[PDB]
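S.K.: First, the structure itself, so that you have it in front of you.
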Amino acid sequence: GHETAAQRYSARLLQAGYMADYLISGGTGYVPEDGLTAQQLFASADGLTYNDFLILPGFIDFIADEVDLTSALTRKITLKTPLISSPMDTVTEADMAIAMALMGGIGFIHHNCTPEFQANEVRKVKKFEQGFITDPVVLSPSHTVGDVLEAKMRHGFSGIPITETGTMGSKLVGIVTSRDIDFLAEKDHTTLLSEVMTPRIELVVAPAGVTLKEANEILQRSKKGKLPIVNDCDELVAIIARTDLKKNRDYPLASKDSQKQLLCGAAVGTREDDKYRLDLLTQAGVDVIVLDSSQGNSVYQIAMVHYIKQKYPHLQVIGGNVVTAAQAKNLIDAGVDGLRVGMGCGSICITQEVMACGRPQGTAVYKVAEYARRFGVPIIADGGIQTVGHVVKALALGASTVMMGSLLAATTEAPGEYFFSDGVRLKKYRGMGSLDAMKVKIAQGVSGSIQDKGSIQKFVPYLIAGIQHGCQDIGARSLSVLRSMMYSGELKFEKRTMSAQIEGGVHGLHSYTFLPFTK
Amino acid sequence: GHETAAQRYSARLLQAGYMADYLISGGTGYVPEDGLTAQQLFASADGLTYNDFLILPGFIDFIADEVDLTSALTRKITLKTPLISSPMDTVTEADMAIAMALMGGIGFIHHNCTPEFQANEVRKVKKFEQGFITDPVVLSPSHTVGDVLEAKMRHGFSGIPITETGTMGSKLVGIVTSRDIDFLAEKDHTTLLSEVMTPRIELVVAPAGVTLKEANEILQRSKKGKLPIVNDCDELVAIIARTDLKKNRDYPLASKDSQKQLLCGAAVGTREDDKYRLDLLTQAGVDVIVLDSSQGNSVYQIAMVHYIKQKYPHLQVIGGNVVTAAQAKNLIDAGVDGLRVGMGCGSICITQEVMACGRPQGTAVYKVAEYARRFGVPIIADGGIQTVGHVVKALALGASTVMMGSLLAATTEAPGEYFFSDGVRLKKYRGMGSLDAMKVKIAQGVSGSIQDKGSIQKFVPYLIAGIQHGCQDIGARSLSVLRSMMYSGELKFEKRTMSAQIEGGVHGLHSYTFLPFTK
Amino acid sequence: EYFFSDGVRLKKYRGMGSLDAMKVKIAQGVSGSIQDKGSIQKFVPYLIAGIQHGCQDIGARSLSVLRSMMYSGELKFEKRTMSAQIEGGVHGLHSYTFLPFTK
Ligand SMILES: NC(=O)c1ccc[n+]([C@@H]2O[C@H](COP(=O)([O-])OP(=O)(O)OC[C@H]3O[C@@H](n4cnc5c(N)ncnc54)[C@H](O)[C@@H]3O)[C@@H](O)[C@H]2O)c1
Ligand SMILES: NC(=O)c1ccc[n+]([C@@H]2O[C@H](COP(=O)([O-])OP(=O)(O)OC[C@H]3O[C@@H](n4cnc5c(N)ncnc54)[C@H](O)[C@@H]3O)[C@@H](O)[C@H]2O)c1
Ligand SMILES: Nc1nc2c(ncn2[C@@H]2O[C@H](COP(=O)(O)OP(=O)(O)OP(=O)(O)O)[C@@H](O)[C@H]2O)c(=O)[nH]1
Ligand SMILES: Nc1nc2c(ncn2[C@@H]2O[C@H](COP(=O)(O)OP(=O)(O)OP(=O)(O)O)[C@@H](O)[C@H]2O)c(=O)[nH]1
Ligand SMILES: Nc1nc2c(ncn2[C@@H]2O[C@H](COP(=O)(O)OP(=O)(O)OP(=O)(O)O)[C@@H](O)[C@H]2O)c(=O)[nH]1
Ligand SMILES: Nc1nc2c(ncn2[C@@H]2O[C@H](COP(=O)(O)OP(=O)(O)OP(=O)(O)O)[C@@H](O)[C@H]2O)c(=O)[nH]1
Ligand SMILES: Nc1ncnc2c1ncn2[C@@H]1O[C@H](COP(=O)(O)OP(=O)(O)OP(=O)(O)O)[C@@H](O)[C@H]1O
Ligand SMILES: Nc1ncnc2c1ncn2[C@@H]1O[C@H](COP(=O)(O)OP(=O)(O)OP(=O)(O)O)[C@@H](O)[C@H]1O
Ligand SMILES: O=c1[nH]cnc2c1ncn2[C@@H]1O[C@H](COP(=O)(O)O)[C@@H](O)[C@H]1O
Ligand SMILES: O=c1[nH]cnc2c1ncn2[C@@H]1O[C@H](COP(=O)(O)O)[C@@H](O)[C@H]1O
């Protein structure tokens with residue numbers, strides 16, 4: 001368990017020169033009671049959203065950089081950062097899902113596409129960083145230089161081992177890389193690969209059955225770009241690439257499986273066709289599934305959870321969108337590994353004014369997360385996240401991870417093109433029930449647009465630093481400590497009137513121009 | 001009664017594989033308590049309007065299309081859809097009242113007109129769709145072709161049976177339709193109808209005393225447009241027309257009486273003059289009456305209710321406007337068959353800031369409907385209905401039907417013309433106390449304008465799909481089940497702070513553009 | 001389809017070089033939108049009546065006569081300064097609401 005502000009302060013006093021006190025209480029020192037407990041804040045029976053309250057500051061005895069952001073995504077998946085990219089077609093295809101997994105979050109690929117398109121986008125995420133490359137691009141020596149350029153333009157891989165048959169089930173005869181085809185003139189689609197490959201007698205190779213680390217040290221000291229791995233009869237078993245050692249050095253938080261591939265999630269619906277779609281995604285090596293619906297407490301979703309759990313029992317499933325403990329119960333009881341929380345919040349949404357249904361998102365995160373922790377189930381807080389203060393509030397109220405749409409929209413890794421709407425660079429961002437993309441067919445989203453924010457790799461470390469500094473002013477040394485302080489009543493809250501929200505912002509300045517972060 | 005979310009979920013589990021539980025309670029399974037009951041929401045003693053609360057989502061085990069929207073309008077009238085057009089001069093003359101009754105609602109014709117104009121607009125509604133046409137347009141053969149074109153331009157009917165004397169009580173001698181006068185040149189007002197009519201020896205006719213379904217089958221297999229009905233002495237009793245079989249096929253929800261005529265309501269005031277008006281409206285065949293006043297709990301209105309009930313005892317009467325149970329009591333006790341609820345809500349209204357009187361419309365619907373169900377009396381929620389979410393909320397709080405002004409204004413079927421005011425197409429919409437149309441003479445309305453929305457026949461199925469999808473996310477199979485869940489405490493509500501209303505809308509998008517429905 | 005963008009009914013209208021619907025590929029159109037105008041069968045007779053009344057006020061019995069007066073020098077023109085374009089519009093009214101045509 002955590003240690004109290006009184007215990008920490010008392011310990012820092014015991015580290016310096018500055019009796020019967022331990023006998024009166026002991027460890028439980030006096031702190032004057034101020035603000036509300038989360039139990040008391042929500043006992044009010046009014047719909048509170050992230051703007052309607054504040055967190056009171058604590059006691060600081062660590063630097064903001066020591067703050068641990070490690071988070072459970074599901075019963076069995078842990079991420080080094082609380083951040084998830086929302087499965088929408090204007091937010092997350094493979095470029096976004098790679099960028100989010102590299103910065104220590106995850107992406108879920110959207111399903112407003114064909115089953116084969118979605119499984120191919122998952123396959124692009126899983127192939128980006130590698131331990132042993134077990135299914136490399138291999139060519140036969142009767143091929144041309146034109147084939148090596150076409151392979152580079154079709155996959156993107158310039159380093160191609162050459163085996164006799166042209167598959168892994170064969171003897172290695174050489175390697176072709178970019179540096180031995182790059183200078184060739186346009187007399188390409190004539191020249192055979194035996195004329196250009198570095199031949200197998202010149203190669204540094206390692207014997208099959210080496211661990212990934214032994215093989216790393218062989219490749220590392222060899223100064224080569226690739227290391228082929230070969231069996232006792234001299235056949236090609238795998239390759240490894242120094243690029244992945246560079247990627248590893250460059251991204252110390254990256255969310256990876258045991259094969260050193262990035263983690264990827266995907267969405268599916270609750271139709272019969274989603275059963276086939278799920279089979280392609282599991283063949284593509286997907287790590288976790290979202291069941292992606294406005295109202296997840298349905299007989300159709302509970303059927304699809306039981307189907308996934310009976311067919312792919314090692315696969316992780318997140319139950320859909322819920323806002324009440326009564327909804328969360330039937331999906332936790334159906335056997336989900338996590339839940340998505342939010343309905344009608346979300347910047348592009350109109351569900352509340354179309355359907356009458358929804359809930360205020362601070363209340364929904366608190367009520368669903370307080371119910372879900374009784375069973376050990378993690379919560380994703382989804383939509384309404386406009387600031388790093390909303391992320392810190394969502395995490396403080398009991399969410400394990402936060403899922404963002406509009407905050408990640410109009411980054412360089414978000415799908416589509418910029419188009420410069422109205423004297424601003426301004427990219428498109430639509431919602432999935434938007435009727436802009438897909439019997440009267442009612443809309444539930446609004447087909448809007450968002451300002452440019454540059455790369456995820458520059459914007460997510462701003463989120464991480466904001467969350468860590470928020471935890472430091474609270475006095476929480478990790479996100480697990482922050483939630484422990486909240487359920488214990490140590491974390492205190494204050495409500496805001498309207499004027500309190502106004503004085504928290506920027507007042508009667510004439511001009512106003514904040515710079516978010518400077519590096 | 002109705003079956004609960006716990007009972008339904010348990011039943012859907014018993015349809016598959018996935019004990020003391022029945023002995024501990026049985027049927028009343030555990031659901032965690034979350035949100036407020038309607039009785040607890042309104043116990044707050046604060047004026048809540050449709051924007052200040054949300055409905056929490058339930059359990060789904062049916063498709064949204066199964067949702068039954070059948071509603072009581074009065075103690076004795078039932079409509080296949082909850083929707084009513086408000087009796088205002090910029091909303092509802094006969095074109096609107098026909099369009100609303102065809103889509104399974106009703107219209108009440110406005111009274112900012114003469115008694116003879118209002119009775120003629122009712123008569124136009126009652127004539128649009130027909131079983132037996134019992135007093136058809138008839139001519140003598142001694143009329144001219146010019147008289148048939150004049151009849152077509154004065155009534156709108158082309159199929160004119162010809163009887164000797166020229167009335168529906170004389171020997172049939174032929175029929176004239178459009179196809180036997182349409183090609184005639186401008187030598188019209190000379191030629192006798194005997195020269196053009198299909199003669200009685202050529203006609204398909206049916207014997208008087210057939211049922212409507214027997215006559216339908218005879219007309220149907222004949223492939224003619226009309227079927228005359230004739231008695232033993234071969235005089236014209238009635239006609240039927242295949243055009244009405246097409247109307248019946250084309251509009252499966254249409255609100256019809258036993259004679260297969262559309263239902264129509266009308267407004268009258270509480271002055272002594274309104275008795276003559278009421279005589280003419282009942283002559284025209286009107287089905288139901290509104291008594292149309294800002295404050296219905298008056299001695300004048302209670303007089304007029306007693307007069308209508310003593311004179312036309314089969315006629316249905318709706319009480320004025322009320323917002324308190326103390327008002328509702330004296331009108332229910334005077335013997336009304338329904339109540340109109342709302343005062344100072346309504347988009348064009350200023351009565352609250354002029355008179356100091358009114359009530360917040362969510363509270364008023366709840367308090368009046370909760371009092372009125374004790375006596376079996378239906379409620380109309382009137383005014384403030386800006387969205388399909390407001391309709392679902394009004395119905396959930398206990399209204400049986402919803403009456404709309406500004407939402408139906410600036411459709412094609414609403415009275416007046418468009419006039420393109422300020423770069424927007426903008427039809428007129430005014431309120432009935434506008435002083436634009438009806439001592440110092442104080443105004444209570446504001447003479448504004450509303451954007452074009454096309455046909456009622458395209459816009460009402462959008463309302464219907466929105467209400468059905470709203471019921472589906474709530475988990476209600478019908479509007480009766482929705483109100484039963486509300487009075488039982490199964491239906492749960494949350495209040496909204498102002499920031500909760502903000503996050504329910506559209507956030508910091510730059511551009512924003514929602515298509516409401518796609519077909 | 002109409003899509004109701006900002007409290008106005010709002011059908012789409014683009015230009016054929018708009019890069020919205022078709023090497024740097026330079027764009028030459030802008031992909032805007034236009035307010036609802038109803039049917040061609042109701043709007044074209046307003047155009048026809050406006051053209052006929054314009055010809056009548058000019059004194060021309062047909063469009064061939066109108067062009068014949070122009071090439072002959074019988075048809076006369078006046079230039080407009082900017083203030084002349086302003087007085088040809090609607091002036092210092094507070095509210096303004098023209099009905100185009102009414103059958
Ligand atoms: N979280 C939100 O607040 C929210 C709100 C609206 C839409 N969305 C998103 O929009 C997208 C579309 O999903 P959706 O929300 O329209 O719900 P959905 O696509 O799951 O279901 C749409 C409709 O079909 C029904 N349905 C689903 N599976 C069915 C089955 N097997 N048989 C019969 N009927 C079935 C549902 O009950 C509902 O009426 C998703 O990305 C979703 O997450 C999200
Ligand atoms: N519901 C609302 O919030 C609201 C508010 C204002 C107006 N309106 C509408 O505008 C219109 C006018 O409303 P109104 O209340 O002015 O109509 P009204 O005719 O009831 O009011 C007429 C005035 O004279 C009185 N009066 C009515 N009958 C009388 C009689 N027999 N003898 C003597 N005095 C009599 C009334 O008490 C009132 O002061 C109606 O269409 C009504 O629905 C609605
Ligand atoms: N070839 C290869 N080796 C890797 C990769 N990622 C990690 N390794 C190696 O596996 C061992 C793992 O050590 P770390 O990299 O510190 O830990 P990690 O958890 O695997 O990855 P990070 O979370 O990125 O630090 C080291 O020997 C690494 O060189 C990769 O993508 N490819
Ligand atoms: N060569 C190769 N790399 C693969 C393959 N599958 C995945 N990769 C990854 O792609 C990267 C290697 O790309 P290469 O084309 O070989 O070139 P590189 O060595 O990265 O050199 P640069 O691209 O110039 O930096 C590594 O991160 C590999 O893990 C494959 O079949 N062949
Ligand atoms: N002909 C006729 N129709 C009547 C009369 N009263 C009501 N109607 C209705 O008026 C409508 C028009 O009738 P007609 O003019 O005969 O033409 P129609 O048979 O509907 O066929 P259309 O020419 O396609 O409109 C029908 O829907 C009838 O139900 C009446 O006296 N004569
Ligand atoms: N002539 C005529 N027959 C009708 C009309 N409406 C229904 N019918 C007939 O009445 C009988 C009952 O049909 P239903 O399917 O029950 O029609 P309905 O419920 O009365 O009316 P809808 O709600 O319009 O379907 C059939 O013989 C119909 O053809 C009508 O307006 N005119
Ligand atoms: N394991 C190996 N043993 C021997 N030679 C190798 C081995 N792997 C690659 N080569 C050869 O070494 C040279 C450089 O290969 P490398 O993979 O580093 O090239 P590259 O990735 O195209 O270089 P660059 O990064 O500059 O573009 C090539 O001639 C290539 O065929
Ligand atoms: N019951 C009948 N028996 C015999 N002939 C009939 C009968 N009813 C109509 N006719 C004749 O049949 C012809 C077509 O009549 P119908 O009512 O179908 O025409 P219509 O509705 O005016 O045609 P349209 O829809 O094309 O405008 C006319 O010559 C008409 O006089
Ligand atoms: O069209 C839509 N209507 C309603 N909710 C949507 C729609 N599309 C996505 N959402 C939700 O909006 C969330 C993103 O909200 P945002 O981060 O505030 O922009 C998503 O993760 C979904 O839960
Ligand atoms: O002039 C007026 N003043 C006050 N209330 C009016 C007036 N005319 C109509 N109303 C009310 O306004 C309702 C329509 O409200 P709306 O649907 O919000 O536009 C009507 O059904 C009447 O109850």
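Letters for chains follow the order of the structure tokens (A, B, ...), residue numbers begin at 1 for each chain, and ligand numbers begin at 1 in the order shown.
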Quick check: residues of chain C within 12 Å of chain A, only C-alpha atoms, returned as a count of residues only.
M.R.: 13
S.K.: Name each residue within 9 Å of ligand 2, counting only C-alpha atoms and all ligand atoms, as number ranges by chain.
M.R.: B: 87-88, 110-112, 267-273, 291-296, 298-301, 303-304, 320-322, 340-346, 349-352, 358, 382-383, 431-434, 438, 443-445
S.K.: Considering only C-alpha atoms, return as an MDAnalysis selection string whatever protein or nucleic-acid residues lie within 9 Å of residue 16 of chain C, sequence-local ones (same chain, fewer than 5 positions apart) excluded.
M.R.: chainID C and resid 21:22 28:29
S.K.: Would you put the residues from that selection into a file with C-alpha atoms, as a short mmCIF file (atom, residue, chain, number, x, y, z; two decimals), in the first residue's frame?
M.R.:
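Just written: part_12.cif:
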```cif
data_model
loop_
_atom_site.label_atom_id
_atom_site.label_comp_id
_atom_site.auth_asym_id
_atom_site.auth_seq_id
_atom_site.Cartn_x
_atom_site.Cartn_y
_atom_site.Cartn_z
CA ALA C 21 -12.60 15.37 -56.45
CA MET C 22 -9.51 15.80 -58.72
CA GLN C 28 -7.83 25.52 -59.15
CA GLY C 29 -11.23 25.26 -57.33
#
```
S.K.: Against ligand 9, which residues of chain B fall within 10 Å? For each one I want the closest pair of atoms and the distance in Å (one decimal), counting only C-alpha atoms and all ligand atoms, rows by chain and increasing residue number, as a Markdown table.
M.R.:
```
| residue | atom | partner | partner_atom_place_in_ligand_line | distance |
| --- | --- | --- | --- | --- |
| B:503 | CA | ligand 9 | 18 (O) | 8.9 |
| B:506 | CA | ligand 9 | 18 (O) | 9.2 |
| B:507 | CA | ligand 9 | 18 (O) | 7.8 |
| B:508 | CA | ligand 9 | 18 (O) | 9.3 |
| B:509 | CA | ligand 9 | 19 (O) | 9.1 |
| B:514 | CA | ligand 9 | 1 (O) | 9.9 |
```
S.K.: Those selected residues, please, written with N, CA, C and O atoms and delivered as a PDB file, in the first residue's frame.
M.R.:
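Saved to out-v9.pdb:
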```
ATOM      1  N   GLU B 503     -20.350  19.459 -22.391  1.00  0.00           N
ATOM      2  CA  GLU B 503     -19.702  18.254 -22.912  1.00  0.00           C
ATOM      3  C   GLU B 503     -20.660  17.307 -23.647  1.00  0.00           C
ATOM      4  O   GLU B 503     -20.200  16.469 -24.417  1.00  0.00           O
ATOM      5  N   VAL B 506     -21.272  19.716 -28.955  1.00  0.00           N
ATOM      6  CA  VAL B 506     -20.070  19.669 -29.809  1.00  0.00           C
ATOM      7  C   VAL B 506     -19.004  20.599 -29.224  1.00  0.00           C
ATOM      8  O   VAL B 506     -19.318  21.727 -28.844  1.00  0.00           O
ATOM      9  N   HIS B 507     -17.756  20.136 -29.105  1.00  0.00           N
ATOM     10  CA  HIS B 507     -16.704  20.857 -28.358  1.00  0.00           C
ATOM     11  C   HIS B 507     -15.884  21.796 -29.271  1.00  0.00           C
ATOM     12  O   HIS B 507     -16.388  22.300 -30.272  1.00  0.00           O
ATOM     13  N   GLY B 508     -14.608  22.032 -28.937  1.00  0.00           N
ATOM     14  CA  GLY B 508     -13.649  22.867 -29.665  1.00  0.00           C
ATOM     15  C   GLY B 508     -13.170  22.299 -31.008  1.00  0.00           C
ATOM     16  O   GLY B 508     -11.977  22.342 -31.307  1.00  0.00           O
ATOM     17  N   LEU B 509     -14.093  21.830 -31.849  1.00  0.00           N
ATOM     18  CA  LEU B 509     -13.882  21.699 -33.293  1.00  0.00           C
ATOM     19  C   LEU B 509     -13.823  23.096 -33.938  1.00  0.00           C
ATOM     20  O   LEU B 509     -14.441  24.036 -33.435  1.00  0.00           O
ATOM     21  N   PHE B 514     -23.205  18.493 -39.218  1.00  0.00           N
ATOM     22  CA  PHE B 514     -23.876  17.191 -39.101  1.00  0.00           C
ATOM     23  C   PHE B 514     -25.048  17.051 -40.087  1.00  0.00           C
ATOM     24  O   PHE B 514     -25.948  17.885 -40.119  1.00  0.00           O
TER      25      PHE B 514
END
```
S.K.: Give me the residues near residue 42 of chain A as an MDAnalysis selection string, where near means some atom within 10 Å (using only C-alpha atoms) and where sequence neighbours in that chain fewer than 5 positions away do not count.
M.R.: chainID A and resid 36:37 47:48 362:363 366:367
S.K.: Go ahead and save the residues from that selection, with N, CA and C atoms, as a PDB file, in the first residue's frame.
M.R.:
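What landed in result05.pdb:
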```
ATOM      1  N   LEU A  36     -13.118  17.633   0.122  1.00  0.00           N
ATOM      2  CA  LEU A  36     -13.995  16.459   0.085  1.00  0.00           C
ATOM      3  C   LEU A  36     -13.241  15.199  -0.339  1.00  0.00           C
ATOM      4  N   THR A  37     -13.615  14.045   0.187  1.00  0.00           N
ATOM      5  CA  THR A  37     -13.235  12.728  -0.365  1.00  0.00           C
ATOM      6  C   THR A  37     -13.981  12.465  -1.678  1.00  0.00           C
ATOM      7  N   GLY A  47     -24.468  15.637 -11.844  1.00  0.00           N
ATOM      8  CA  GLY A  47     -23.600  15.215 -12.914  1.00  0.00           C
ATOM      9  C   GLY A  47     -22.382  16.089 -13.006  1.00  0.00           C
ATOM     10  N   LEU A  48     -21.245  15.614 -12.503  1.00  0.00           N
ATOM     11  CA  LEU A  48     -19.989  16.345 -12.534  1.00  0.00           C
ATOM     12  C   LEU A  48     -19.159  15.873 -13.712  1.00  0.00           C
ATOM     13  N   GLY A 362     -17.009  12.637 -15.613  1.00  0.00           N
ATOM     14  CA  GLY A 362     -16.387  12.490 -14.294  1.00  0.00           C
ATOM     15  C   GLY A 362     -17.135  11.496 -13.411  1.00  0.00           C
ATOM     16  N   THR A 363     -18.453  11.646 -13.300  1.00  0.00           N
ATOM     17  CA  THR A 363     -19.310  10.708 -12.568  1.00  0.00           C
ATOM     18  C   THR A 363     -19.224   9.290 -13.124  1.00  0.00           C
ATOM     19  N   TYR A 366     -15.830   7.605 -12.310  1.00  0.00           N
ATOM     20  CA  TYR A 366     -15.803   7.257 -10.891  1.00  0.00           C
ATOM     21  C   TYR A 366     -16.705   6.057 -10.565  1.00  0.00           C
ATOM     22  N   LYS A 367     -17.973   6.070 -10.983  1.00  0.00           N
ATOM     23  CA  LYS A 367     -18.949   5.018 -10.671  1.00  0.00           C
ATOM     24  C   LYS A 367     -18.618   3.669 -11.302  1.00  0.00           C
TER      25      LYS A 367
END
```
S.K.: Could you check the closest approach to chain A for each of B:235, B:33, B:188, B:202 and tell me which residue wins, using only C-alpha atoms?
M.R.: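 Going through B:235, B:33, B:188, B:202 one by one, the smallest distance to chain A is for B:33.
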S.K.: Grab me every residue within 12 Å of ligand 3, counting only C-alpha atoms and all ligand atoms, and send it over as a PyMOL selection string.
M.R.: chain A and resi 78-81+101-105+126-134+211-220+225-228+238-263
S.K.: Counting only C-alpha atoms, collect the residues of chain B whose closest atom lies at most 8 Å from chain A, and write them out as a ChimeraX atom specification.
M.R.: /B:9,12,31-36,54-61,387-390,392-393,461-462,465-467,469-471,473-474,494-497,499-500,503-519
S.K.: As a ChimeraX atom specification, please: all residues of segment 110-294 of chain A that backbone DSSP puts in alpha helix (DSSP H).
M.R.: /A:115-127,145-154,212-222,242-250,274-283
